[PDB]
There are 2 protein chains.
Amino acid sequence: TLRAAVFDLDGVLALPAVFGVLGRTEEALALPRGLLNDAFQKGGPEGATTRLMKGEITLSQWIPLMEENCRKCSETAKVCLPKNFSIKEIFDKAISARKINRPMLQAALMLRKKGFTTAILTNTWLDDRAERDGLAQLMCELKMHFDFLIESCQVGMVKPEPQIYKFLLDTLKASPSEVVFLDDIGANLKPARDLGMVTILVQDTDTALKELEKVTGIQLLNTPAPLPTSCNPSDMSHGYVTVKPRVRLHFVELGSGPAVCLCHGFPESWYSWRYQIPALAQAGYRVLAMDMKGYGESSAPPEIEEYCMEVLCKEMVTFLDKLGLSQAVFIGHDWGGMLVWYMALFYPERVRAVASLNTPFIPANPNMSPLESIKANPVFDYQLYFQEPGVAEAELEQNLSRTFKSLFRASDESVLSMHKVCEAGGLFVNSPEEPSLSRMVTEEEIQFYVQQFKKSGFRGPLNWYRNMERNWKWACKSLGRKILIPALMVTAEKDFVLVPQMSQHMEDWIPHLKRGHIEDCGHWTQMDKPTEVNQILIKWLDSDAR
Amino acid sequence: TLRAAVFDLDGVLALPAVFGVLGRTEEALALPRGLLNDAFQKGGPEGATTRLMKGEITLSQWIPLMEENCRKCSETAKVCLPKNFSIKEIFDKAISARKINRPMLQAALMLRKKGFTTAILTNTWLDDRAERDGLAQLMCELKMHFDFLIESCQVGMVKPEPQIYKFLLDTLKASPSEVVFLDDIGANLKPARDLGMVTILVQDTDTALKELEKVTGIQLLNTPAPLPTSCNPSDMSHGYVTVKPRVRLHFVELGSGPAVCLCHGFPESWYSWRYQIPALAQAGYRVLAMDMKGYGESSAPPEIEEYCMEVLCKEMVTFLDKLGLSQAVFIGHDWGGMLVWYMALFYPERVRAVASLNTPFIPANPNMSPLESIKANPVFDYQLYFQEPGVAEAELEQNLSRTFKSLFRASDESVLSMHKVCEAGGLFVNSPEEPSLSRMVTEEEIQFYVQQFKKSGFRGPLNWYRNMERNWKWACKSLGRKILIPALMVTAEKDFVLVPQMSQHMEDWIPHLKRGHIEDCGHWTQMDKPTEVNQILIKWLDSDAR
Ligand SMILES: Cn1ccc(CNCCc2ccccc2)n1
Ligand SMILES: Cn1ccc(CNCCc2ccccc2)n1
Ligand SMILES: [Mg+2]
Ligand SMILES: [Mg+2]
C-alpha cells in the first residue's frame, strides 16, 4: 500500500531546526518568551516571512524586514533588544549549526532501496548571503539521495497551503493513501492528513522512525551499517584528454578542491573506485578517477612498450598538463599503486602527495634480473603465465562474466590459488564454469566490468606485466633517491599476492611514510572494505595533502 | 637556413637566475666573494650538484650536501657562516623570485609562429620541496609554448657534456647549423658552437634579442602586443554530463581553483572563449567553457520549450549537481549573459558571482507583452524574423562559412544592418556571397564553427529566441527581488544590438553592481578585444569571487 515517503528538511532531515534558534536566542538573551517567533511570523500569509518562503524576496532582502518586526514586537511588549542584537548574525549561526540528521537520511535511503519514491518538501528561501555556500553544500548532499526536492521558494507555494500538497501528489504520481509524510510542525501535517496521507509528527528522531517502521513494515532502526554511496556511471561527468596522437585517457570527475587522481589496478576500471568517489568529493576534494591506459574508455594500443612505467607516467604528466593542473594527489591500487610510487620518484613537483593501497614500494635490485626475482616467489607464478602474448588474453577473454566473478572475491571466498598457474595451464583451470556471486559485488556491477572489457579485452591490461626488464632499467635510475613528499602505504591483511610484509622495509626509502592497515581485507581493497578505505584516505588527505 | 631555436630556463626564459642568488647572498651577508659558488660547484663532474642536475638525487637530499660544502669552503677560507645561515631558505626565496622573462618568451612564441621548432634545454633538478608547486606552475606555463622541453635531471645528462647536445640535435631532427642556441653561461655554449650551432650569450635580454633578430632575419624586438594564448580544441580536456535523459552538456575544462562557468551567446560555441580559457586558468581558476544546449557537442532537442530560460537554468543547476560543485562563478555573453542573470535571481546559492558581457539585466515589464517591447526597438527586428520555425534555419544553414564570416565582424567591418530584416526577407539579403575574412578571425577558426554547426544546425540555437512569452512569465516571478551577490556588467561601446545605454538602470536591481566598459568593441566581445576582456574579468574575479 505505502509507496512514497516525504520528508521535511528543517527538523526532520536536518538538525537543529532554525525556529529552534528563535527559541534558543530568546532564552540565551533573556527576551520575552516567543518574541522572536512573533516577529518571525508577523503578518501571517501576508508577512515578510511568507514572501520569503514563496520566493518573492531573497533572504538578504528579508533580514531588515525581520529586524523591523523584532523592533515592533519589543515595543508592544515594552522591552528592549540588547545592543548588537543581530538577525543576520543569529541566522548565519543557526544555518551553519544545522547538519544532516544521519539516521533520518539512512531511513530515507533504505525506503528508497525497497522501492519507495522519496521526496523532500520544504519551506525554504532564496539564499543570497555571503555564507550561502554552506546551505548549497547541505542541499547538494541531501538531494542526490531523493527522487524529488520541492522547495517552497521555487514553486511559489508554502506549507500549510493546500495547493502545495496537491502539487506534491502530482509530482509523486501517487494517491494520498500511498504516501507517508514526516514533519516536525503539526499544522503542516493537517492538510496531508485531510487528503488521507499517513503522517508522522517528528519530535525525537528514534520515535518518528519507530512510527515510520511500524507503518511501512520495513526495518529502519538498529539496522546494520550501510555501505558508502556508490556511483551511477551515467550520472557522472565523463572527461577525455588526448595525451598523444593515438592515446586519449578517459576519467570520471566529481567534487571541487585539491585534485585527487585515482589509479586502479589489474584488471579493473575507474569504477573500482565507485565507493571512494562520492566520499572523497564530499570530504572537500576534486576527484579524477581514471580508466588507466589499456582500459574501459581509454585508448588501448596493442604494443607492449606502450605500457612500460616510463611511458605510462609521462602520459599521466601530460594528462595533468592538458587539464592545466600543476599537481595532483596520486592514489593508486595494485598496478596503479606501482605507478604512483614512480610518479613520486620521477615527477615529485607534480605530485602533491602519494598513496598506495596494497602495492609496496620496493627499489629495483640492480643485481638481479626482474624475471629471476619473480621466479623466486611462487605466488607470482601467474606473472610468468602472463608473459607470452595471446595466451592469458584467450583465457581471460573467453568468458568475461566468469573472469570477473572468479577474480573479484573476498578473502574467505576464493576459487583460484595463484599456485603453479603455468604448470596447471591457466588461471582458471580449477575454477567453476559459473562461479557464485561474491558478497562484494552485484550481478549488475559484474556486468559493468564485462561491458567495459568488451571494448578492448585484455591485451593492453596484460601488457602492464610485459615490461619487467624495461621497468627495472628505468627504476635503476632512481636508486639514489628517497621519496620525501607526503606518502601513505595501506596494507591489506589478507591480500595473498601483495602481502603486508612485502612493505616492511619501505621506511628505508620513504622515512616519513605514514601507514594504514585493513584487517580481514583481501586484494580488491576498495570494494572489500570501502568504509575503512574511505576513513583512512580522508584522514590522511586532511592532514597531509591539504 | 636557421630552423630551430633553443632556450635555457635559468637566466634566459626565467629571471633572476638562481646562481645570481649565490652572488647576491654573498654580498648581502658580507661573505668572501664566490664562497657560495665554490660550494655549489664543489667536486665538479662528481660533486653533489652534478648528481642533482642528473636526477641521481632529489633537491631535498641535495640541500644538506650543499650545506656541508658551504661549511668546508668557509673553513678553508678561515671565515664563519652567520647564525641562521640557511641553504633551504636561500633557495626557496631564489626559486620563488624567479619569473618568466616575458620578452624572451614572446620572441620564442614569434619564432615558433614563423615555423621554427623551439625547445627548452635546461640543467634542472627533481624538486621535492614543500614549496615545489611554484616551480611546477612556472614549468607548466612555459612548456606549453615549446616543441620540446629537455631537462637534465630527466635525461641523465647535463650541459656542458657533449652527449646532451647530441641528444638535443636528435630530438630536434635538425643539423647543428640549422639551430640557434641561447644561454647565459659561455661554457654551456661552447659545445654547441663546436658542432657549428649559432649561439647567443645572453646577458641583458634586449641585446640577446637583437642578436637573435639579426641572425634569424625575423623581427622580435618592438613588435606589436601579441594576442593572448588561444586554445587548440584537440589539446583540451573535453567533459560530458547528462543532465536528463535526452540532454547531455559538453564543456571544455582547464585550470584548478574556484569553478568559473563560461556561457556563450548566439550563434556561438565554447570556442568563443578560446582567448579567455588559458588566461583565466593561468590566473588561478577552474574554467568550464560550455557548449550551451543547442550547440556543438551538447544535445540539441528540436522542441521550442526545451530552450526556455527556466529549463535551461534548471539544467545548469543539475550540471553543477552531477559535477559535485556547490557553486560556480557564472560568466555569460549575449544569450549566455541573459542566462547567468537568471541563475543569479533564481539560484543565488549556486552562483559564487555573476558577470555578463554586453547583455544587460532588465526586469520583465509585467504591463507589456514581450513581443510588443521587441516591436518598439527597430534593432530587434531580426528577433521577429527568428520567430517562425524553419525560416531563419534555412537561411543560416544554407552556407555556414558565409553565415559565420558575415556575423563575426569587428565594428568597422560590418556587412549586415539589423535593419528591417523581416521586410528585406532575411538577415543576409544584402550581404555578399563570399564575405572577406574579418581581422578578428582566421579561416581556420571560421571552419571550426562551420564544423560544429554541421552537427545540429540552427534549430536549437534559434529556439533560444522562441520563448519570449514563457521567459517573460517566469521572469515576472522575480520582480520583487534584487541581485545582491557579487555582479559585474561589461558594456561594449560599439555593440549596436546590445548597446551600453540599455544597461543604464541596472543599479536599481543590483545596487552593488561593478562595471567595466570596452571602447571600440563590437558585439563579439571576447574575440574583438580579448586582451581587455581578460584584464577586466581577472581583476574582478580576484577582488569579488575569490
Ligand atoms: C608488480 N605488481 C603490480 C601489481 C601486482 C599484483 N597484480 C595482481 C592482480 C591479479 C589479481 C588476481 C589474479 C591475477 C592477478 N604485481
Ligand atoms: C534578448 N537577447 C539576448 C541576446 C540578444 C542579442 N542576440 C544577438 C545575436 C545576433 C548577432 C548578430 C546578428 C544576429 C543575432 N538579445
Ligand atoms: Mg520544519
Ligand atoms: Mg643558465
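Per chain, numbering begins at 1; letters A, B, ... match sequence-line order. In what follows, every heavy atom counts, from backbone to side chain, and hydrogens, waters and symmetry copies are set aside. Order of appearance sets the numbers: ligands from 1, and atoms from 1 within every ligand.
Between B:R466 and B:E393 there is a salt bridge, since at least one side-chain N of the basic residue sits less than 4.0 Å from a carboxylate O of the acidic one.
Residues forming a salt bridge (charged side-chain N to carboxylate O under 4.0 Å, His left out) with A:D334 (at least two apart in sequence, or on another chain): none. With sequence neighbours excluded, no residue forms a salt bridge (charged side-chain N to carboxylate O under 4.0 Å, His left out) with A:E395. For B:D495, there are no salt bridge (charged side-chain N to carboxylate O under 4.0 Å, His left out) partners at least two apart in sequence or on another chain.
Between B:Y465 and the options B:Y385, B:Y307, B:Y382, a ring pair (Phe, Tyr, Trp, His ring centres under 6.0 Å) holds for only B:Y382.
Between B:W524 and B:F408, the ring-plane angle classifies as perpendicular under the 30° and 60° cut-offs.
Taking the N/O/S atoms of A:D10 in turn, the shortest distance to the Mg ion (ligand 3) belongs to O. Of all N, O or S atoms in A:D184, the one lying closest to the Mg ion (ligand 3) is OD1.
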Ligand 1: protein N/O within less than 3.5 Å of ligand N/O:
{"from": "ligand 1", "atom 1": "7 (N)", "to": "A:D334", "atom 2": "OD1", "distance (Å)": "2.8"}
{"from": "ligand 1", "atom 1": "7 (N)", "to": "A:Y382", "atom 2": "OH", "distance (Å)": "3.1"}
{"from": "ligand 1", "atom 1": "7 (N)", "to": "A:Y465", "atom 2": "OH", "distance (Å)": "2.4"}

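A side-chain donor from one of A:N101 and A:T205 sits under 3.5 Å from a side-chain acceptor of the other.
Within the 2.8 Å limit, A:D8 places at least one N, O or S atom next to the Mg ion (ligand 3).
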